[PDB]
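Step one of this worksheet: look at the structure below.
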Amino acid sequence: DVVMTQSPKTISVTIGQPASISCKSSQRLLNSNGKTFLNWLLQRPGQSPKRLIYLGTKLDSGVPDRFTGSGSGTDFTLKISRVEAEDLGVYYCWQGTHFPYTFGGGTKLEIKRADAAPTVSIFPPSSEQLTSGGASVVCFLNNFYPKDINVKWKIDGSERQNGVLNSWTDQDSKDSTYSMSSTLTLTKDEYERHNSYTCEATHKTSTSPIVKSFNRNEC
Amino acid sequence: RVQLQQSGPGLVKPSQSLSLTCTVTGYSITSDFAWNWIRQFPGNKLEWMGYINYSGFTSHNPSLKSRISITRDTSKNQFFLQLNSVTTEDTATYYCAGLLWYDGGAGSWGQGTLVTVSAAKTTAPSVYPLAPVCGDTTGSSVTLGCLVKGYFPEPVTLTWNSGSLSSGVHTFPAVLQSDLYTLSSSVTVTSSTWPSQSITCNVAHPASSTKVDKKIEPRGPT
């Protein structure tokens, strides 16, 4: 099967700057009638892949003319003349000249922006959940940049590492930031035994962590 | 223009078959296109499965040998996927996608349908309100949230105020543990608007036919 190799794996680009990414195929993609079945696609966060370029060099239907495909034979390039935040996502190449048809592994376009500290919010277990046996404490770390961040949980000032589950959003095209949710799950009985709960976020916008806490049984 | 939509069961037991439908609107399936099935695994990995074209001719990936059938019903303007002998390795988002036969142009994909291959039981979620602590409501914005816990399989849908509240929302990828998923969502509004303008998270879990509309009540007197 034809191997489609994309590089780089990821690219970070400031809004208004160009981008270029490469797709190299293990066999030539020209066919016996002069057509090159090479497409580029973009998959935006939470969407299906969508058309961009086809026939190697042709803009597909309705696609912004900021996208240009070039190349022939085995070596293809996608250029964006000036990046917009909504261009972020994973760009794929695809070949339809040689059965079975194959896709590249994807190049992720990230938008570079100014640093932003997270907004940190902590939430106690709901009364409804406490009637059930379990107790989840949730911390949101929202709208930060760059994407690396660390969260630490404390119960009555002591670090708790077990029972924590984290989840991360993809980059937002509206403000080019990232967000994270961390949930600490305990039994209802262990939660009701302790008093203070703390979420600490460490990020490069500040030298000391951002700390949000509550006491159980206080509003 | 052509529009595609997948449908079919989202949870399949190991060793049985997945059976999906693509409904095409805006174009006849007997004209111009190749009608493809493509699946996406965790990791940006896309696999072409096969097509049936406008004349009924088919082709499929040798990676799926003997397991795949792609068919059509022209009276319904639909085409179909059957994949038998499934295993957990077939858990993927399945897409239908039409590309023109002549040039590969005009590619149009459905929204995708998750198929989970698992023996685990369907379980409806509990939807818990995340009400802000008093001390974090005195600023110019306030964050609230919703915790959707203990469901299987994916997906759920989650909106705020019936989709009328869409800015300032972060809905996070679900986490799986012990064959159950947990998802959270946050929403941030101008603090002076709350609690005068209520905020409700609307959760639906189609696989269990369950909906929860949970209004977020302040901590403190309500």
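Going down the list, the sequences are from chains Z and E. Position 57, counted from 1, in the first sequence is what the numbering used here calls 57; the numbers after and before it change by one each time, with no gaps. With positions in the second sequence counted from 1, the corresponding number in the numbering used here is that position plus 1000. Every residue gets a Cβ at the ideal spot worked out from N, C-alpha and C, and that includes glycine.
Looking at the C-beta of residue i, does it have a partner C-beta in chain E at a distance below 8 Å?
i, result
"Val138 of chain Z", "yes"
"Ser61 of chain Z", "yes"
"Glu128 of chain Z", "yes"
"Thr57 of chain Z", "no"
"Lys79 of chain Z", "no"
"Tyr54 of chain Z", "yes"
"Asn31 of chain Z", "no"
"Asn39 of chain Z", "yes"
How would you list, in chain order, the residues of chain A whose beta-carbon sits under 8 Å from the beta-carbon of residue i?
i, result
"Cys1022 of chain E", "The structure shown contains no chain A; the protein chains it does contain are Z and E."
So, at 7 Å on beta carbons, what are the nonlocal neighbours of residue i in its own chain, with the 5 sequence-adjacent residues on each side left out?
i, result
"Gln1016 of chain E", "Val1086"
"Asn195 of chain Z", "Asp156, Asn215 and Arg216"
"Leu1114 of chain E", "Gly1010, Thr1093, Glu1154 and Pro1155"
So is residue i in contact with chain Z if we call contact Cβ pairs under 8 Å?
i, result
"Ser1059 of chain E", "yes"
"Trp1037 of chain E", "no"
"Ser1007 of chain E", "no"
"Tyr1128 of chain E", "yes"
"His1205 of chain E", "no"
"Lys1149 of chain E", "yes"
"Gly1220 of chain E", "yes"
"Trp1194 of chain E", "no"
"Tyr1095 of chain E", "yes"
"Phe1172 of chain E", "yes"
"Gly1010 of chain E", "no"
Suppose you measure from the CA of residue i to the CA of residue j; what does that come to, to the nearest Å?
i, j, result
"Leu1183 of chain E", "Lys35 of chain Z", "46 Å"
"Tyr1094 of chain E", "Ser1166 of chain E", "27 Å"
"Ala19 of chain Z", "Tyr1051 of chain E", "33 Å"
"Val1148 of chain E", "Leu165 of chain Z", "14 Å"
"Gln1177 of chain E", "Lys152 of chain Z", "21 Å"
"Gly1105 of chain E", "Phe99 of chain Z", "17 Å"
"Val2 of chain Z", "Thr1030 of chain E", "30 Å"
"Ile53 of chain Z", "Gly106 of chain Z", "15 Å"
"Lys1214 of chain E", "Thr1157 of chain E", "14 Å"
"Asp75 of chain Z", "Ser22 of chain Z", "7 Å"
Along chain E, in chain order, which residues have C-beta atoms closer than 9 Å to that of residue i?
i, result
"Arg51 of chain Z", "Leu1099, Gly1105, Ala1106, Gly1107, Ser1108 and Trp1109"
"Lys35 of chain Z", "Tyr1102, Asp1103 and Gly1104"
Chain E partners of residue i, CB-CB under 7 Å?
i, result
"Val90 of chain Z", "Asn1044"
"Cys219 of chain Z", "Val1133, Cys1134, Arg1219 and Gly1220"
Output, in chain order, the set of chain Z residues within a Cβ distance shorter than 8 Å of residue i.
i, result
"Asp1136 of chain E", "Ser121, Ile122 and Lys212"
"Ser1184 of chain E", "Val138, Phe140, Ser167, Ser181 and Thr183"
"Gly1026 of chain E", "Simply none; closest approach about 13 Å."
Within a Cβ cutoff of 8 Å, which residues of the same chain sit near residue i, ignoring the five residues on either side of it in sequence?
i, result
"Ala1131 of chain E", "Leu1144, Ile1216, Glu1217, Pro1218 and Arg1219"
"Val83 of chain Z", "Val13, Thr14, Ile15, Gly16, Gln17, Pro18, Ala19, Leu109 and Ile111"
Please return the same chain residues whose Cβ sits closer than 6 Å to the Cβ of residue i, not counting the five positions on each side in sequence.
i, result
"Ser12 of chain Z", "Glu110 and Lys112"
"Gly71 of chain Z", "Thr77"
"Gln1082 of chain E", "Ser1017, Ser1019 and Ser1069"
"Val1175 of chain E", "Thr1182"
"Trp1109 of chain E", "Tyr1095 and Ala1097"
Listing by chain order, which chain Z residues have their CB less than 7 Å from the CB of residue i?
i, result
"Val1175 of chain E", "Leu165 and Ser167"
"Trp1160 of chain E", "Chain Z residues near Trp1160 of chain E: none, gap ~14 Å exceeds 7 Å."
"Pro1062 of chain E", "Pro100"
Using a Cβ cut-off of 9 Å, pull out every chain Z residue sitting near residue i, in sequence order please.
i, result
"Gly1112 of chain E", "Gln47 and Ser48"
Just to make sure I have the definition right: I need the residues of chain E whose C-beta is within less than 8 Å of the C-beta of residue i. Which are they?
i, result
"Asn150 of chain Z", "Going along chain E, no residue has its Cβ under 8 Å from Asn150 of chain Z, so there is no contact; the nearest lies around 17 Å."
Item checked: beta strand (DSSP E) runs contained entirely in the stretch 10 to 91 of chain Z, provided each spans 3 or more residues -> 10 to 14, 19 to 25, 38 to 43, 49 to 54, 67 to 72 and 75 to 80
Check: Of all the beta strand (DSSP E) runs that stay within the bounds of the stretch 133 to 157 of chain Z, which reach a length of 3 or more residues?
Finding: Fully enclosed beta strand (DSSP E) runs of 3 or longer: 134 to 144 and 150 to 155.
Notebook entry, point to check: Taking the runs of the beta strand (DSSP E) that are 3 residues or longer, which of them lie wholly in the stretch 1129 to 1198 of chain E?
Noted result: 1141 to 1151, 1157 to 1160, 1169 to 1171, 1175 to 1177 and 1180 to 1190
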